[PDB]
Amino acid sequence: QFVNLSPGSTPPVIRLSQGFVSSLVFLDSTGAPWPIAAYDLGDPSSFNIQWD
Amino acid sequence: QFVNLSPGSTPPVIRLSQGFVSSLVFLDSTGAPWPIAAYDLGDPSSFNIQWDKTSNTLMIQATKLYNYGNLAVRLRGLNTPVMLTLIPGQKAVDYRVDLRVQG
Amino acid sequence: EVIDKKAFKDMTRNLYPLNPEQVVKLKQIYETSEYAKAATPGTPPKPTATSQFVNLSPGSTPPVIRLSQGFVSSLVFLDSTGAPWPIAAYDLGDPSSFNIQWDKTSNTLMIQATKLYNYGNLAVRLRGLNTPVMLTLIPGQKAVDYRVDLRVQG
Amino acid sequence: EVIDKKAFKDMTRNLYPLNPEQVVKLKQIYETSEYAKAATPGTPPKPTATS
Amino acid sequence: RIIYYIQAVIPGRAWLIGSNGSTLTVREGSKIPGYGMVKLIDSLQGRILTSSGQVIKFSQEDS
Amino acid sequence: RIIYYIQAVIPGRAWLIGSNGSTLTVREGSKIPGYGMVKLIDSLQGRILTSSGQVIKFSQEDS
Amino acid sequence: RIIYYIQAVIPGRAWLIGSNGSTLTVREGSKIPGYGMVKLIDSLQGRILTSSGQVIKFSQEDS
Amino acid sequence: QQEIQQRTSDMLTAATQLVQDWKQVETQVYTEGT
Amino acid sequence: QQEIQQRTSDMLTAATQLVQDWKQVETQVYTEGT
Amino acid sequence: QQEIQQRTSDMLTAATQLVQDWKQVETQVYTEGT
Amino acid sequence: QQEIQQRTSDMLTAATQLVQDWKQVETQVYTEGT
């Protein structure tokens with residue numbers, strides 16, 4: 001997917017399943033990797049995040 | 001939204017939801033970021049706030065369903081503090097709000 | 001063989017005493033109950049920002065600040081030109097009704113009301129002034145002052 | 001099957017003994033009690049500065 | 001002429017502000033210039049009765 | 001002309017925004033320009049009744 | 001013309017994506033361009049009923 | 001007739017719970033950054 | 001007739017379980033990277 | 001007739017509570033800045 | 001007739017065993033290599 005940061009667009013949706021792992025990788029418009037500065041997760045009893 | 005600091009205008013409204021994250025980012029009239037000097041939260045039993053102590057982004061989580069409140073934000077260069085009202089439980093949730101401050 | 005089915009249906013019934021629709025309706029009564037607990041009586045106050053001029057004459061009346069219980073009101077102090085005027089000290093009567101946050105150098109006091117209808121007064125001494133400034137603090141009105149700007153004569 | 005409905009209604013009445021409007025009026029009675037406690041007898045004094 | 005608005009009210013007193021910015025405080029029996037004699041202070045609903053028949057209220061966008 | 005939309009509503013108050021970007025807050029008895037006098041604020045279902053017969057709602061793609 | 005596909009659905013809402021890549025979210029009473037008025041959102045079995053008689057589903061190799 | 005008194009006991013517990021829930025008001029928190 | 005009261009006991013346990021499950025709200029977690 | 005005395009007991013507790021609430025007056029706090 | 005209740009006891013133990021077996025979800029393990 002392509003993520004648009006306009007103040008009119010809708011946030012993107014991720015389909016998951018219990019006990020399974022989904023990998024999210026972040027690239028820019030050209031496709032090169034974009035390193036992560038920080039993250040913030042709401043409701044940690046329902047999801048667990050692994051990250052180097 | 002645009003924030004007017006005239007002594008006649010109305011303070012802005014932030015729509016929240018319980019357990020969800022709302023991001024507040026502070027920009028000037030042109031749109032460049034304005035780092036935050038301090039903040040003050042009334043009723044912390046209803047809201048949870050994360051902030052690294054230098055940036056211009058707040059992460060707000062609502063704790064209760066229908067309890068509403070207010071918030072004070074002091075920026076780095078400004079002398080007038082910024083007043084916000086926080087309302088949960090609407091039919092829309094503000095995932096990210098951009099506030100244009102007049103200066 | 002029907003013994004197996006009868007034990008199974010009574011068994012299902014004992015294990016899950018509530019149906020799904022009953023879960024939905026019980027959930028619905030519960031949200032209506034917190035909303036009724038959380039609802040506010042009358043009308044809520046109107047949130048306003050104001051600006052007043054302070055006279056240190058021996059005839060004028062001291063200024064009034066409208067507050068609300070659990071809400072924050074910010075007082076910022078400015079001189080006649082409009083530049084900030086830092087605070088030297090303050091003195092609060094009745095601290096069980098009000099809460100004041102203040103860094104020990106700035107020109108802003110931040111006040112929260114603790115009780116519903118108990119009102120008070122507060123004294124502020126600035127750096128250059130010899131005359132102290134007295135404010136009166138009234139909670140529970142039909143308007144709440146989110147921020148008050150005070151222009152001082154000097 | 002009507003046993004199930006009767007049990008659900010008696011349960012709802014046992015779990016929440018107070019109606020929503022009753023929650024609202026109890027809140028009104030209660031805030032009125034603080035207002036009556038916090039009111040001051042007679043007239044309050046006039047605040048003055050003198051010399 | 002001059003219009004007065006309620007700034008604050010408790011049982012007994014009322015603090016009023018005028019359109020010129022002057023602030024006053026009044027009790028049950030008191031003098032108000034341009035309105036007359038105060039007859040009743042009603043702390044609920046924000047109404048002040050005056051001997052001339054006028055009712056003193058809050059400003060409408062500031063109330 | 002100008003169209004107003006509900007930004008937030010609680011029992012008692014309602015915060016509205018206009019198509020010009022101006023924001024207002026109203027209570028049960030209040031003045032609205034171009035619509036008339038407010039008759040009823042219904043916090044559930046997001047409807048505001050007006051003396052001219054109009055109903056004030058949320059924007060449809062923003063609600 | 002444009003074809004819409006279900007991306008996600010809960011009771012109440014449904015997130016849809018179009019063949020142009022645009023994403024929308026809808027509730028029970030809402031406007032959809034080119035299809036009409038939504039009549040029923042069925043969270044089980046992944047079906048959306050439309051006033052024109054059409055049913056909105058998942059893409060077949062992406063479902 | 002006796003139902004008034006059983007109702008008084010469940011109601012008494014619920015109203016005491018409601019008023020004690022209405023009593024608490026917590027202090028605000030100020031965060032300083034550098 | 002007595003079935004109303006047996007039903008009251010299994011139902012009481014289930015409803016208490018449901019309301020205590022609806023009570024808990026947990027704090028969010030912020031992760032810092034360098 | 002006996003209702004006067006039951007009323008005396010709930011009323012006695014409430015009036016004692018009211019007068020003890022009217023008794024307390026707390027000292028003011030002065031804050032020094034540099 | 002009483003067979004419903006003996007059946008209720010073996011069935012109760014088996015269903016409790018089944019639901020407690022359905023409850024557990026274990027955390028994933030990440031392995032780092034160098």
# chains A, B, ... in the order shown; residues from 1 in each chain; ligands from 1

$ interface_residues --of "chain B" --to "chain A" --cutoff "9 Å" --atoms "only C-alpha atoms" --output "count of residues only"
10

$ calpha_fit_and_write --fixed "chain H" --moving "chain I" --output "compact mmCIF listing (two decimals) with N, CA, C and O atoms, in the first residue's frame"
# COMPACT_ATOMS: atom_id res chain seq x y z
N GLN I 1 -44.62 -5.76 50.78
CA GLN I 1 -44.64 -4.68 51.74
C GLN I 1 -43.16 -4.61 52.19
O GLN I 1 -42.55 -3.55 52.22
N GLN I 2 -42.62 -5.80 52.50
CA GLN I 2 -41.24 -6.04 52.96
C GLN I 2 -40.24 -5.80 51.83
O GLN I 2 -39.02 -5.65 52.07
N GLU I 3 -40.74 -5.77 50.61
CA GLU I 3 -39.96 -5.45 49.43
C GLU I 3 -39.37 -4.05 49.47
O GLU I 3 -38.30 -3.82 48.90
N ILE I 4 -40.03 -3.12 50.18
CA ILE I 4 -39.48 -1.77 50.33
C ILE I 4 -38.15 -1.84 51.07
O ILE I 4 -37.16 -1.23 50.65
N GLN I 5 -38.09 -2.61 52.15
CA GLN I 5 -36.85 -2.77 52.89
C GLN I 5 -35.77 -3.59 52.16
O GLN I 5 -34.58 -3.24 52.30
N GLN I 6 -36.12 -4.64 51.37
CA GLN I 6 -35.01 -5.34 50.66
C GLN I 6 -34.41 -4.37 49.65
O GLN I 6 -33.18 -4.22 49.55
N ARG I 7 -35.31 -3.64 48.97
CA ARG I 7 -34.96 -2.62 48.01
C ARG I 7 -34.16 -1.52 48.66
O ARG I 7 -33.18 -1.06 48.07
N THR I 8 -34.45 -1.21 49.91
CA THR I 8 -33.68 -0.22 50.63
C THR I 8 -32.24 -0.70 50.80
O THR I 8 -31.30 0.09 50.67
N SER I 9 -32.03 -1.98 51.11
CA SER I 9 -30.64 -2.43 51.25
C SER I 9 -29.81 -2.46 49.95
O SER I 9 -28.66 -1.95 49.96
N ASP I 10 -30.34 -2.98 48.82
CA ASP I 10 -29.52 -2.93 47.57
C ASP I 10 -29.31 -1.50 47.12
O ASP I 10 -28.21 -1.12 46.67
N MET I 11 -30.37 -0.70 47.22
CA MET I 11 -30.31 0.73 46.93
C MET I 11 -29.37 1.48 47.84
O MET I 11 -28.67 2.38 47.37
N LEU I 12 -29.28 1.09 49.11
CA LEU I 12 -28.37 1.79 50.01
C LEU I 12 -26.94 1.56 49.63
O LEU I 12 -26.16 2.52 49.55
N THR I 13 -26.63 0.32 49.27
CA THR I 13 -25.27 0.02 48.83
C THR I 13 -24.92 0.75 47.54
O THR I 13 -23.83 1.33 47.42
N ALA I 14 -25.85 0.76 46.57
CA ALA I 14 -25.58 1.45 45.31
C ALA I 14 -25.44 2.97 45.48
O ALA I 14 -24.56 3.59 44.88
N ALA I 15 -26.28 3.59 46.32
CA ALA I 15 -26.19 5.04 46.51
C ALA I 15 -24.94 5.44 47.27
O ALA I 15 -24.35 6.49 46.98
N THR I 16 -24.53 4.63 48.25
CA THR I 16 -23.27 4.89 48.96
C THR I 16 -22.10 4.79 48.01
O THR I 16 -21.18 5.61 48.05
N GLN I 17 -22.16 3.80 47.10
CA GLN I 17 -21.12 3.64 46.09
C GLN I 17 -21.08 4.84 45.16
O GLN I 17 -20.00 5.36 44.84
N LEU I 18 -22.25 5.34 44.76
CA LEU I 18 -22.31 6.49 43.88
C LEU I 18 -21.77 7.76 44.52
O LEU I 18 -21.02 8.51 43.88
N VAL I 19 -22.14 8.02 45.77
CA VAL I 19 -21.69 9.25 46.41
C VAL I 19 -20.18 9.20 46.70
O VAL I 19 -19.47 10.21 46.52
N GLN I 20 -19.64 8.02 47.09
CA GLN I 20 -18.20 7.93 47.30
C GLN I 20 -17.46 8.05 45.98
O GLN I 20 -16.31 8.49 45.95
N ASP I 21 -18.11 7.65 44.87
CA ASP I 21 -17.48 7.85 43.57
C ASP I 21 -17.52 9.32 43.19
O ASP I 21 -16.74 9.76 42.35
N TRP I 22 -18.56 10.03 43.60
CA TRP I 22 -18.59 11.44 43.28
C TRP I 22 -17.64 12.26 44.16
O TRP I 22 -17.39 13.42 43.83
N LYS I 23 -17.11 11.69 45.28
CA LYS I 23 -16.27 12.53 46.16
C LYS I 23 -14.85 12.85 45.67
O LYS I 23 -14.37 13.95 45.96
N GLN I 24 -14.20 11.99 44.90
CA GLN I 24 -12.76 12.17 44.72
C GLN I 24 -12.35 13.16 43.63
O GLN I 24 -12.80 13.06 42.49
N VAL I 25 -11.48 14.11 43.98
CA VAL I 25 -10.92 15.01 42.98
C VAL I 25 -9.40 14.98 43.20
O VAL I 25 -8.91 15.23 44.31
N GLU I 26 -8.68 14.60 42.14
CA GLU I 26 -7.23 14.41 42.08
C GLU I 26 -6.40 15.60 41.58
O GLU I 26 -6.83 16.36 40.71
N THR I 27 -5.18 15.75 42.14
CA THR I 27 -4.31 16.86 41.76
C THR I 27 -3.73 16.69 40.36
O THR I 27 -3.35 15.59 39.95
N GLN I 28 -3.65 17.81 39.63
CA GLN I 28 -3.06 17.95 38.30
C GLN I 28 -1.55 17.74 38.29
O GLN I 28 -0.87 17.95 39.30
N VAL I 29 -1.01 17.34 37.13
CA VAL I 29 0.43 17.04 37.00
C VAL I 29 1.07 17.91 35.91
O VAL I 29 0.53 18.09 34.81
N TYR I 30 2.13 18.61 36.33
CA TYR I 30 2.96 19.50 35.53
C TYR I 30 4.28 18.85 35.15
O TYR I 30 5.04 18.41 36.02
N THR I 31 4.56 18.83 33.85
CA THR I 31 5.76 18.21 33.30
C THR I 31 6.67 19.28 32.70
O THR I 31 6.25 20.04 31.82
N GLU I 32 7.92 19.29 33.18
CA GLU I 32 9.00 20.18 32.79
C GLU I 32 9.98 19.52 31.83
O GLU I 32 10.39 18.38 32.04
N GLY I 33 10.33 20.25 30.77
CA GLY I 33 11.18 19.72 29.70
C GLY I 33 12.44 20.52 29.42
O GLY I 33 12.41 21.75 29.42
N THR I 34 13.55 19.81 29.23
CA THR I 34 14.83 20.40 28.81
C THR I 34 15.71 19.38 28.08
O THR I 34 15.23 18.35 27.63

$ interface_residues --of "chain B" --to "chain F" --cutoff "7 Å" --atoms "only C-alpha atoms" --output "list in words"
residues 10, 90, 91 and 92 of chain B

$ select_by_dssp --residues "chain H" --states "alpha helix (DSSP H)" --output "number ranges by chain"
H: 3-23

$ write_last_selection --atoms "C-alpha atoms" --output "tab-separated table (two decimals), in the first residue's frame"
chain	number	residue	atom	x	y	z
H	3	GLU	CA	-39.96	-5.45	49.43
H	4	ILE	CA	-39.48	-1.77	50.33
H	5	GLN	CA	-36.85	-2.77	52.89
H	6	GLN	CA	-35.01	-5.34	50.66
H	7	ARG	CA	-34.96	-2.62	48.01
H	8	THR	CA	-33.68	-0.22	50.63
H	9	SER	CA	-30.64	-2.43	51.25
H	10	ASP	CA	-29.52	-2.93	47.57
H	11	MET	CA	-30.31	0.73	46.93
H	12	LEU	CA	-28.37	1.79	50.01
H	13	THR	CA	-25.27	0.02	48.83
H	14	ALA	CA	-25.58	1.45	45.31
H	15	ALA	CA	-26.19	5.04	46.51
H	16	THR	CA	-23.28	4.89	48.96
H	17	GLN	CA	-21.12	3.64	46.09
H	18	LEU	CA	-22.31	6.49	43.88
H	19	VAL	CA	-21.69	9.25	46.41
H	20	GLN	CA	-18.20	7.93	47.30
H	21	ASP	CA	-17.48	7.85	43.57
H	22	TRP	CA	-18.59	11.44	43.28
H	23	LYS	CA	-16.27	12.53	46.16
